[PDB]
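Text of the file upload17.txt, holding compact mmCIF, N, CA and C atoms:
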```
# COMPACT_ATOMS: atom_id res chain seq x y z
N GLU A 138 -57.83 136.38 -24.12
CA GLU A 138 -57.83 137.81 -24.55
C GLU A 138 -57.39 137.82 -26.04
N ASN A 139 -58.15 138.53 -26.87
CA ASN A 139 -57.96 138.61 -28.31
C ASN A 139 -57.51 139.98 -28.75
N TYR A 140 -56.28 140.13 -29.25
CA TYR A 140 -55.65 141.41 -29.62
C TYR A 140 -55.88 141.58 -31.12
N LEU A 141 -56.57 142.66 -31.47
CA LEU A 141 -56.86 142.97 -32.87
C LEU A 141 -55.60 143.42 -33.56
N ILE A 142 -55.33 142.85 -34.75
CA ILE A 142 -54.20 143.25 -35.57
C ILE A 142 -54.64 143.99 -36.84
N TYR A 143 -55.65 143.46 -37.54
CA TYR A 143 -56.09 144.08 -38.81
C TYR A 143 -57.54 143.68 -39.10
N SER A 144 -58.32 144.61 -39.58
CA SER A 144 -59.63 144.30 -40.15
C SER A 144 -59.75 145.04 -41.45
N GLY A 145 -60.12 144.39 -42.53
CA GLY A 145 -60.26 145.03 -43.80
C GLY A 145 -60.86 144.13 -44.86
N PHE A 146 -60.59 144.43 -46.11
CA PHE A 146 -61.32 143.89 -47.21
C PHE A 146 -60.38 143.81 -48.43
N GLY A 147 -60.61 142.79 -49.27
CA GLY A 147 -59.96 142.69 -50.57
C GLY A 147 -59.25 141.37 -50.71
N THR A 148 -58.04 141.44 -51.29
CA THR A 148 -57.24 140.26 -51.55
C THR A 148 -55.78 140.40 -51.10
N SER A 149 -55.40 141.49 -50.47
CA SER A 149 -54.10 141.58 -49.89
C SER A 149 -54.05 142.65 -48.78
N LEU A 150 -52.94 142.76 -48.11
CA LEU A 150 -52.79 143.65 -46.95
C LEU A 150 -52.12 144.95 -47.30
N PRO A 151 -52.56 146.05 -46.72
CA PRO A 151 -51.96 147.35 -47.12
C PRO A 151 -50.62 147.61 -46.48
N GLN A 152 -50.23 146.88 -45.44
CA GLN A 152 -48.95 147.05 -44.75
C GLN A 152 -48.51 145.71 -44.15
N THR A 153 -47.34 145.67 -43.56
CA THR A 153 -46.91 144.58 -42.69
C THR A 153 -47.36 144.84 -41.25
N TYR A 154 -47.50 143.76 -40.48
CA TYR A 154 -47.99 143.85 -39.09
C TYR A 154 -47.06 143.07 -38.21
N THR A 155 -46.95 143.50 -36.96
CA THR A 155 -46.15 142.82 -35.96
C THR A 155 -47.04 142.14 -34.97
N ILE A 156 -46.81 140.87 -34.73
CA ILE A 156 -47.56 140.14 -33.74
C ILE A 156 -46.95 140.45 -32.36
N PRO A 157 -47.77 140.91 -31.40
CA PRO A 157 -47.20 141.50 -30.17
C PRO A 157 -46.80 140.53 -29.07
N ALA A 158 -47.29 139.30 -29.12
CA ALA A 158 -47.08 138.36 -28.03
C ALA A 158 -47.01 136.94 -28.52
N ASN A 159 -46.61 136.04 -27.64
CA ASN A 159 -46.77 134.63 -27.88
C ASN A 159 -48.24 134.27 -27.82
N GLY A 160 -48.68 133.41 -28.74
CA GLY A 160 -50.07 132.94 -28.73
C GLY A 160 -50.44 132.32 -30.07
N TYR A 161 -51.72 132.42 -30.42
CA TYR A 161 -52.23 131.90 -31.68
C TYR A 161 -52.71 133.06 -32.54
N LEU A 162 -52.10 133.17 -33.71
CA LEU A 162 -52.57 134.07 -34.74
C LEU A 162 -53.80 133.48 -35.40
N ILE A 163 -54.87 134.27 -35.41
CA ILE A 163 -56.10 133.88 -36.06
C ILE A 163 -56.35 134.77 -37.27
N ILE A 164 -56.54 134.14 -38.42
CA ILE A 164 -56.88 134.80 -39.66
C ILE A 164 -58.23 134.28 -40.04
N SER A 165 -59.23 135.14 -39.97
CA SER A 165 -60.62 134.77 -40.34
C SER A 165 -60.94 135.38 -41.68
N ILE A 166 -61.11 134.57 -42.70
CA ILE A 166 -61.39 135.04 -44.06
C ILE A 166 -62.80 134.67 -44.39
N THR A 167 -63.66 135.65 -44.64
CA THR A 167 -65.07 135.38 -44.89
C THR A 167 -65.46 135.91 -46.22
N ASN A 168 -66.24 135.13 -46.91
CA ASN A 168 -66.73 135.55 -48.23
C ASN A 168 -67.92 134.64 -48.53
N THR A 169 -68.48 134.67 -49.73
CA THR A 169 -69.70 133.96 -50.05
C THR A 169 -69.47 132.53 -50.44
N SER A 170 -68.24 132.06 -50.36
CA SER A 170 -67.89 130.68 -50.68
C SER A 170 -67.16 130.02 -49.52
N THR A 171 -66.68 128.82 -49.77
CA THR A 171 -65.98 128.03 -48.77
C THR A 171 -64.73 127.43 -49.41
N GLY A 172 -63.74 127.08 -48.61
CA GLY A 172 -62.59 126.30 -49.12
C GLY A 172 -61.29 127.10 -49.19
N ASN A 173 -60.35 126.60 -49.97
CA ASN A 173 -59.07 127.27 -50.06
C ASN A 173 -59.28 128.66 -50.62
N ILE A 174 -58.53 129.63 -50.08
CA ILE A 174 -58.72 131.04 -50.46
C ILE A 174 -57.40 131.84 -50.67
N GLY A 175 -56.26 131.30 -50.29
CA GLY A 175 -55.00 132.00 -50.52
C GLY A 175 -53.90 131.54 -49.63
N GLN A 176 -53.03 132.52 -49.33
CA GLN A 176 -51.74 132.30 -48.69
C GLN A 176 -51.42 133.45 -47.77
N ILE A 177 -50.69 133.14 -46.70
CA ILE A 177 -50.07 134.16 -45.82
C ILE A 177 -48.64 133.78 -45.60
N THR A 178 -47.77 134.81 -45.48
CA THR A 178 -46.37 134.64 -45.17
C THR A 178 -46.02 135.32 -43.90
N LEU A 179 -45.35 134.64 -43.00
CA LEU A 179 -44.88 135.11 -41.73
C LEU A 179 -43.39 135.05 -41.62
N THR A 180 -42.74 135.94 -40.92
CA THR A 180 -41.32 135.89 -40.68
C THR A 180 -41.04 136.05 -39.22
N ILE A 181 -40.12 135.27 -38.67
CA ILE A 181 -39.71 135.41 -37.29
C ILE A 181 -38.21 135.22 -37.32
N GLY A 182 -37.45 136.21 -36.91
CA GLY A 182 -36.00 136.11 -36.93
C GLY A 182 -35.53 135.82 -38.35
N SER A 183 -34.81 134.72 -38.51
CA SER A 183 -34.25 134.29 -39.76
C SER A 183 -35.10 133.23 -40.49
N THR A 184 -36.32 133.00 -40.03
CA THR A 184 -37.24 132.04 -40.61
C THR A 184 -38.40 132.68 -41.31
N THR A 185 -38.69 132.23 -42.52
CA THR A 185 -39.88 132.59 -43.26
C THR A 185 -40.77 131.37 -43.37
N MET A 186 -42.05 131.53 -43.20
CA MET A 186 -43.08 130.50 -43.31
C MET A 186 -44.17 130.94 -44.23
N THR A 187 -44.68 130.02 -45.02
CA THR A 187 -45.82 130.23 -45.91
C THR A 187 -46.92 129.24 -45.58
N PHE A 188 -48.13 129.76 -45.39
CA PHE A 188 -49.28 128.93 -44.99
C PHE A 188 -50.44 129.09 -45.98
N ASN A 189 -51.07 127.97 -46.27
CA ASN A 189 -52.38 127.94 -46.93
C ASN A 189 -53.46 128.54 -45.99
N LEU A 190 -54.31 129.32 -46.66
CA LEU A 190 -55.52 129.85 -46.00
C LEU A 190 -56.76 129.24 -46.65
N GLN A 191 -57.72 128.96 -45.76
CA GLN A 191 -59.08 128.56 -46.14
C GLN A 191 -60.02 129.66 -45.61
N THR A 192 -61.26 129.59 -46.12
CA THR A 192 -62.28 130.41 -45.52
C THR A 192 -62.54 129.96 -44.10
N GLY A 193 -63.07 130.88 -43.30
CA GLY A 193 -63.24 130.65 -41.91
C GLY A 193 -61.97 130.93 -41.11
N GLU A 194 -61.80 130.26 -39.97
CA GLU A 194 -60.66 130.51 -39.06
C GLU A 194 -59.44 129.64 -39.41
N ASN A 195 -58.33 130.34 -39.50
CA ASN A 195 -57.01 129.75 -39.76
C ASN A 195 -56.20 130.09 -38.53
N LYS A 196 -55.65 129.14 -37.82
CA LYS A 196 -55.00 129.33 -36.51
C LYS A 196 -53.55 128.84 -36.64
N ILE A 197 -52.62 129.73 -36.29
CA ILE A 197 -51.19 129.50 -36.39
C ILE A 197 -50.49 129.92 -35.10
N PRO A 198 -49.83 128.97 -34.41
CA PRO A 198 -48.99 129.34 -33.28
C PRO A 198 -47.88 130.28 -33.68
N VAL A 199 -47.69 131.34 -32.92
CA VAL A 199 -46.71 132.33 -33.20
C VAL A 199 -46.00 132.83 -31.91
N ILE A 200 -44.77 133.29 -32.07
CA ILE A 200 -44.07 133.92 -30.97
C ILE A 200 -44.04 135.44 -31.20
N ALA A 201 -43.90 136.14 -30.11
CA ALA A 201 -43.81 137.59 -30.10
C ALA A 201 -42.82 138.15 -31.10
N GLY A 202 -43.24 139.15 -31.85
CA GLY A 202 -42.40 139.83 -32.83
C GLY A 202 -42.45 139.21 -34.22
N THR A 203 -43.19 138.10 -34.38
CA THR A 203 -43.42 137.54 -35.72
C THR A 203 -44.05 138.61 -36.61
N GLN A 204 -43.63 138.74 -37.85
CA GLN A 204 -44.19 139.68 -38.79
C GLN A 204 -45.09 138.99 -39.77
N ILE A 205 -46.20 139.62 -40.09
CA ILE A 205 -47.06 139.24 -41.22
C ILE A 205 -46.57 140.03 -42.40
N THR A 206 -45.84 139.42 -43.32
CA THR A 206 -45.28 140.17 -44.44
C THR A 206 -46.12 140.21 -45.70
N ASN A 207 -46.97 139.22 -45.93
CA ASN A 207 -47.78 139.20 -47.15
C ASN A 207 -49.02 138.35 -46.90
N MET A 208 -50.09 138.72 -47.57
CA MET A 208 -51.20 137.81 -47.72
C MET A 208 -51.75 138.02 -49.15
N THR A 209 -52.11 136.94 -49.83
CA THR A 209 -52.67 137.00 -51.19
C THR A 209 -53.85 136.07 -51.25
N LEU A 210 -55.03 136.59 -51.54
CA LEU A 210 -56.26 135.84 -51.68
C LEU A 210 -56.64 135.72 -53.13
N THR A 211 -57.38 134.64 -53.42
CA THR A 211 -57.81 134.41 -54.81
C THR A 211 -59.12 135.09 -55.16
N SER A 212 -59.89 135.54 -54.17
CA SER A 212 -61.10 136.30 -54.42
C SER A 212 -61.36 137.22 -53.23
N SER A 213 -61.99 138.34 -53.51
CA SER A 213 -62.17 139.36 -52.51
C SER A 213 -62.98 138.84 -51.34
N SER A 214 -62.48 139.19 -50.21
CA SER A 214 -62.98 138.71 -48.94
C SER A 214 -62.93 139.74 -47.86
N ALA A 215 -63.64 139.50 -46.78
CA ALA A 215 -63.43 140.21 -45.53
C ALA A 215 -62.27 139.54 -44.80
N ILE A 216 -61.38 140.32 -44.24
CA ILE A 216 -60.17 139.83 -43.63
C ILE A 216 -60.11 140.33 -42.21
N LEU A 217 -60.05 139.41 -41.23
CA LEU A 217 -59.92 139.75 -39.82
C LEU A 217 -58.69 139.01 -39.27
N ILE A 218 -57.77 139.75 -38.68
CA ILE A 218 -56.57 139.14 -38.14
C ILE A 218 -56.46 139.60 -36.68
N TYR A 219 -56.35 138.64 -35.77
CA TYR A 219 -56.17 138.97 -34.37
C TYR A 219 -55.35 137.84 -33.73
N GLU A 220 -54.88 138.06 -32.51
CA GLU A 220 -54.09 137.05 -31.78
C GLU A 220 -54.74 136.73 -30.45
N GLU A 221 -54.89 135.42 -30.20
CA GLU A 221 -55.34 134.88 -28.92
C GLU A 221 -54.09 134.81 -28.05
N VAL A 222 -54.09 135.51 -26.93
CA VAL A 222 -52.92 135.55 -26.05
C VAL A 222 -53.29 135.11 -24.63
```

Could you write out this file's structure as structure tokens?
Amino acid sequence: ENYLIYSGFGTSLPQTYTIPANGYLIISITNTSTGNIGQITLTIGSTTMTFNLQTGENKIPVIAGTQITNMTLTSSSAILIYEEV
């Protein structure tokens, strides 16, 4: 089951998001190129994590209540964020 978190466009996120369950966070970044495309930052409790993003699917194990606090892309893209639970 795939829970939609965000769908949009550009190079960053308009708000922070809460991941609702344990599972895999999927960040699908699509654009007319391939390869490295930016960064995402997640926070859970007292831990902050920073991850490299590539085009296509980026999969990150996450626990319930993890926050997506920032994403920064190097070129405008379609951005789809959902969680496999």

Check: atom CA of residue A:156 and atom CA of residue A:219, how far apart in Å?
Finding: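 According to the coordinates, atom CA of residue A:219 and atom CA of residue A:156 are separated by 8.7 Å.
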
Item checked: Best match for closeness to residue A:170 among A:182, A:193, A:151, A:157, counting only C-alpha atoms ->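 With only C-alpha atoms as the atom set, the closest residue is A:193.
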
Checklist line | Residues flagged strand (DSSP E or B) by DSSP in chain A, as a ChimeraX atom specification | finding: /A:139-149,154-155,160-167,173-181,184-191,193-199,204-221

Hey, what's within 8 Å of stretch 198-206 of chain A if we count only N, CA and C atoms and toss same-chain stuff fewer than 3 positions away? As an mmCIF file with N, CA and C atoms, in the coordinates of the input, please?
```
data_model
loop_
_atom_site.group_PDB
_atom_site.id
_atom_site.type_symbol
_atom_site.label_atom_id
_atom_site.label_comp_id
_atom_site.auth_asym_id
_atom_site.auth_seq_id
_atom_site.Cartn_x
_atom_site.Cartn_y
_atom_site.Cartn_z
ATOM 1 N N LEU A 150 -52.940 142.760 -48.110
ATOM 2 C CA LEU A 150 -52.790 143.650 -46.950
ATOM 3 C C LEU A 150 -52.120 144.950 -47.300
ATOM 4 N N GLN A 152 -50.230 146.880 -45.440
ATOM 5 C CA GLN A 152 -48.950 147.050 -44.750
ATOM 6 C C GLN A 152 -48.510 145.710 -44.150
ATOM 7 N N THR A 153 -47.340 145.670 -43.560
ATOM 8 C CA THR A 153 -46.910 144.580 -42.690
ATOM 9 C C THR A 153 -47.360 144.840 -41.250
ATOM 10 N N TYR A 154 -47.500 143.760 -40.480
ATOM 11 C CA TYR A 154 -47.990 143.850 -39.090
ATOM 12 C C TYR A 154 -47.060 143.070 -38.210
ATOM 13 N N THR A 155 -46.950 143.500 -36.960
ATOM 14 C CA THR A 155 -46.150 142.820 -35.960
ATOM 15 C C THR A 155 -47.040 142.140 -34.970
ATOM 16 N N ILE A 156 -46.810 140.870 -34.730
ATOM 17 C CA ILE A 156 -47.560 140.140 -33.740
ATOM 18 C C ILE A 156 -46.950 140.450 -32.360
ATOM 19 N N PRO A 157 -47.770 140.910 -31.400
ATOM 20 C CA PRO A 157 -47.200 141.500 -30.170
ATOM 21 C C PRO A 157 -46.800 140.530 -29.070
ATOM 22 N N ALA A 158 -47.290 139.300 -29.120
ATOM 23 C CA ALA A 158 -47.080 138.360 -28.030
ATOM 24 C C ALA A 158 -47.010 136.940 -28.520
ATOM 25 N N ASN A 159 -46.610 136.040 -27.640
ATOM 26 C CA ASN A 159 -46.770 134.630 -27.880
ATOM 27 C C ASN A 159 -48.240 134.270 -27.820
ATOM 28 N N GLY A 160 -48.680 133.410 -28.740
ATOM 29 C CA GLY A 160 -50.070 132.940 -28.730
ATOM 30 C C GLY A 160 -50.440 132.320 -30.070
ATOM 31 N N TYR A 161 -51.720 132.420 -30.420
ATOM 32 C CA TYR A 161 -52.230 131.900 -31.680
ATOM 33 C C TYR A 161 -52.710 133.060 -32.540
ATOM 34 N N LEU A 162 -52.100 133.170 -33.710
ATOM 35 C CA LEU A 162 -52.570 134.070 -34.740
ATOM 36 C C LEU A 162 -53.800 133.480 -35.400
ATOM 37 N N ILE A 163 -54.870 134.270 -35.410
ATOM 38 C CA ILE A 163 -56.100 133.880 -36.060
ATOM 39 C C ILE A 163 -56.350 134.770 -37.270
ATOM 40 N N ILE A 177 -50.690 133.140 -46.700
ATOM 41 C CA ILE A 177 -50.070 134.160 -45.820
ATOM 42 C C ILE A 177 -48.640 133.780 -45.600
ATOM 43 N N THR A 178 -47.770 134.810 -45.480
ATOM 44 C CA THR A 178 -46.370 134.640 -45.170
ATOM 45 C C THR A 178 -46.020 135.320 -43.900
ATOM 46 N N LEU A 179 -45.350 134.640 -43.000
ATOM 47 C CA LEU A 179 -44.880 135.110 -41.730
ATOM 48 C C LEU A 179 -43.390 135.050 -41.620
ATOM 49 N N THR A 180 -42.740 135.940 -40.920
ATOM 50 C CA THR A 180 -41.320 135.890 -40.680
ATOM 51 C C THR A 180 -41.040 136.050 -39.220
ATOM 52 N N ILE A 181 -40.120 135.270 -38.670
ATOM 53 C CA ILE A 181 -39.710 135.410 -37.290
ATOM 54 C C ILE A 181 -38.210 135.220 -37.320
ATOM 55 N N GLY A 182 -37.450 136.210 -36.910
ATOM 56 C CA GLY A 182 -36.000 136.110 -36.930
ATOM 57 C C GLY A 182 -35.530 135.820 -38.350
ATOM 58 N N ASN A 195 -58.330 130.340 -39.500
ATOM 59 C CA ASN A 195 -57.010 129.750 -39.760
ATOM 60 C C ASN A 195 -56.200 130.090 -38.530
ATOM 61 N N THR A 209 -52.110 136.940 -49.830
ATOM 62 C CA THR A 209 -52.670 137.000 -51.190
ATOM 63 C C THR A 209 -53.850 136.070 -51.250
#
```

Next item on the list: Extract, using only C-alpha atoms, all DNA, RNA and protein residues at most 7 Å from residue A:175, discarding same-chain residues fewer than 6 positions from it, and format them as a PyMOL selection string.
Entry: chain A and resi 189-191+209-211

Write to file, as a PDB file, in the coordinates of the input, the residues of the selection just made, with N, CA and C atoms.
```pdb
ATOM      1  N   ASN A 189     -51.070 127.970 -46.270  1.00  0.00           N
ATOM      2  CA  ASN A 189     -52.380 127.940 -46.930  1.00  0.00           C
ATOM      3  C   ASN A 189     -53.460 128.540 -45.990  1.00  0.00           C
ATOM      4  N   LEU A 190     -54.310 129.320 -46.660  1.00  0.00           N
ATOM      5  CA  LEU A 190     -55.520 129.850 -46.000  1.00  0.00           C
ATOM      6  C   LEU A 190     -56.760 129.240 -46.650  1.00  0.00           C
ATOM      7  N   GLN A 191     -57.720 128.960 -45.760  1.00  0.00           N
ATOM      8  CA  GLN A 191     -59.080 128.560 -46.140  1.00  0.00           C
ATOM      9  C   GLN A 191     -60.020 129.660 -45.610  1.00  0.00           C
ATOM     10  N   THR A 209     -52.110 136.940 -49.830  1.00  0.00           N
ATOM     11  CA  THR A 209     -52.670 137.000 -51.190  1.00  0.00           C
ATOM     12  C   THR A 209     -53.850 136.070 -51.250  1.00  0.00           C
ATOM     13  N   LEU A 210     -55.030 136.590 -51.540  1.00  0.00           N
ATOM     14  CA  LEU A 210     -56.260 135.840 -51.680  1.00  0.00           C
ATOM     15  C   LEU A 210     -56.640 135.720 -53.130  1.00  0.00           C
ATOM     16  N   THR A 211     -57.380 134.640 -53.420  1.00  0.00           N
ATOM     17  CA  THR A 211     -57.810 134.410 -54.810  1.00  0.00           C
ATOM     18  C   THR A 211     -59.120 135.090 -55.160  1.00  0.00           C
TER      19      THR A 211
END
```

Item checked: atom CA of residue A:188 to atom CA of residue A:146, straight-line distance in Å ->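 Going from atom CA of residue A:146 over to atom CA of residue A:188 covers 19.3 Å.
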
Notebook entry, point to check: From the set A:184, A:148, A:197, A:174, which residue has the shortest atom-to-atom contact distance to residue A:214, counting all atoms listed in the file?
Noted result: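 Residue with the minimum atom-to-atom distance to residue A:214: A:148.
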
Checklist line | Counting only N, CA and C atoms, the option among A:222, A:208, A:140, A:194 closest to residue A:167 | finding: A:194

Check: Which of these residues is nearest to residue A:165, using all atoms listed in the file: A:183, A:192, A:149, A:213?
Finding: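 Using all atoms listed in the file, the shortest distance to residue A:165 belongs to A:192.
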
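When all atoms listed in the file are used to compute distances to residue A:173, the closest of the residues A:144, A:186, A:212, A:220 turns out to be A:212.
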
Check: Mind pulling up the distance from atom CA of residue A:216 to atom CA of residue A:164?
Finding: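 We find that atom CA of residue A:164 and atom CA of residue A:216 lie 7.2 Å from each other.
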
Please fill the gaps in stretch 147-165 of chain A so it has N, CA, C and O atoms, and write that as an mmCIF file, in the coordinates of the input.
```
data_model
loop_
_atom_site.group_PDB
_atom_site.id
_atom_site.type_symbol
_atom_site.label_atom_id
_atom_site.label_comp_id
_atom_site.auth_asym_id
_atom_site.auth_seq_id
_atom_site.Cartn_x
_atom_site.Cartn_y
_atom_site.Cartn_z
ATOM 1 N N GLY A 147 -60.610 142.790 -49.270
ATOM 2 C CA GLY A 147 -59.960 142.690 -50.570
ATOM 3 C C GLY A 147 -59.250 141.370 -50.710
ATOM 4 O O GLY A 147 -59.738 140.328 -50.326
ATOM 5 N N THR A 148 -58.040 141.440 -51.290
ATOM 6 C CA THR A 148 -57.240 140.260 -51.550
ATOM 7 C C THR A 148 -55.780 140.400 -51.100
ATOM 8 O O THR A 148 -55.004 139.480 -51.365
ATOM 9 N N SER A 149 -55.400 141.490 -50.470
ATOM 10 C CA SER A 149 -54.100 141.580 -49.890
ATOM 11 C C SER A 149 -54.050 142.650 -48.780
ATOM 12 O O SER A 149 -55.015 143.356 -48.548
ATOM 13 N N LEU A 150 -52.940 142.760 -48.110
ATOM 14 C CA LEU A 150 -52.790 143.650 -46.950
ATOM 15 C C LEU A 150 -52.120 144.950 -47.300
ATOM 16 O O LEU A 150 -51.177 144.902 -48.065
ATOM 17 N N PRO A 151 -52.560 146.050 -46.720
ATOM 18 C CA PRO A 151 -51.960 147.350 -47.120
ATOM 19 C C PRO A 151 -50.620 147.610 -46.480
ATOM 20 O O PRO A 151 -49.933 148.557 -46.924
ATOM 21 N N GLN A 152 -50.230 146.880 -45.440
ATOM 22 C CA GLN A 152 -48.950 147.050 -44.750
ATOM 23 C C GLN A 152 -48.510 145.710 -44.150
ATOM 24 O O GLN A 152 -49.223 144.715 -44.292
ATOM 25 N N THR A 153 -47.340 145.670 -43.560
ATOM 26 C CA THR A 153 -46.910 144.580 -42.690
ATOM 27 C C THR A 153 -47.360 144.840 -41.250
ATOM 28 O O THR A 153 -47.618 145.981 -40.851
ATOM 29 N N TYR A 154 -47.500 143.760 -40.480
ATOM 30 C CA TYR A 154 -47.990 143.850 -39.090
ATOM 31 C C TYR A 154 -47.060 143.070 -38.210
ATOM 32 O O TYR A 154 -46.516 142.050 -38.636
ATOM 33 N N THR A 155 -46.950 143.500 -36.960
ATOM 34 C CA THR A 155 -46.150 142.820 -35.960
ATOM 35 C C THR A 155 -47.040 142.140 -34.970
ATOM 36 O O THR A 155 -47.958 142.750 -34.406
ATOM 37 N N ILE A 156 -46.810 140.870 -34.730
ATOM 38 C CA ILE A 156 -47.560 140.140 -33.740
ATOM 39 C C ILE A 156 -46.950 140.450 -32.360
ATOM 40 O O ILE A 156 -45.758 140.281 -32.165
ATOM 41 N N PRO A 157 -47.770 140.910 -31.400
ATOM 42 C CA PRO A 157 -47.200 141.500 -30.170
ATOM 43 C C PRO A 157 -46.800 140.530 -29.070
ATOM 44 O O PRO A 157 -46.062 140.925 -28.150
ATOM 45 N N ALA A 158 -47.290 139.300 -29.120
ATOM 46 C CA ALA A 158 -47.080 138.360 -28.030
ATOM 47 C C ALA A 158 -47.010 136.940 -28.520
ATOM 48 O O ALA A 158 -47.276 136.663 -29.682
ATOM 49 N N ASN A 159 -46.610 136.040 -27.640
ATOM 50 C CA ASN A 159 -46.770 134.630 -27.880
ATOM 51 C C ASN A 159 -48.240 134.270 -27.820
ATOM 52 O O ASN A 159 -48.987 134.749 -26.950
ATOM 53 N N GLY A 160 -48.680 133.410 -28.740
ATOM 54 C CA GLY A 160 -50.070 132.940 -28.730
ATOM 55 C C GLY A 160 -50.440 132.320 -30.070
ATOM 56 O O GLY A 160 -49.588 131.768 -30.747
ATOM 57 N N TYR A 161 -51.720 132.420 -30.420
ATOM 58 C CA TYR A 161 -52.230 131.900 -31.680
ATOM 59 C C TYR A 161 -52.710 133.060 -32.540
ATOM 60 O O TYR A 161 -53.610 133.827 -32.175
ATOM 61 N N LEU A 162 -52.100 133.170 -33.710
ATOM 62 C CA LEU A 162 -52.570 134.070 -34.740
ATOM 63 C C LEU A 162 -53.800 133.480 -35.400
ATOM 64 O O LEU A 162 -53.814 132.326 -35.890
ATOM 65 N N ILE A 163 -54.870 134.270 -35.410
ATOM 66 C CA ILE A 163 -56.100 133.880 -36.060
ATOM 67 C C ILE A 163 -56.350 134.770 -37.270
ATOM 68 O O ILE A 163 -56.416 135.986 -37.154
ATOM 69 N N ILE A 164 -56.540 134.140 -38.420
ATOM 70 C CA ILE A 164 -56.880 134.800 -39.660
ATOM 71 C C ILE A 164 -58.230 134.280 -40.040
ATOM 72 O O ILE A 164 -58.396 133.085 -40.339
ATOM 73 N N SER A 165 -59.230 135.140 -39.970
ATOM 74 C CA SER A 165 -60.620 134.770 -40.340
ATOM 75 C C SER A 165 -60.940 135.380 -41.680
ATOM 76 O O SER A 165 -61.016 136.603 -41.805
#
```
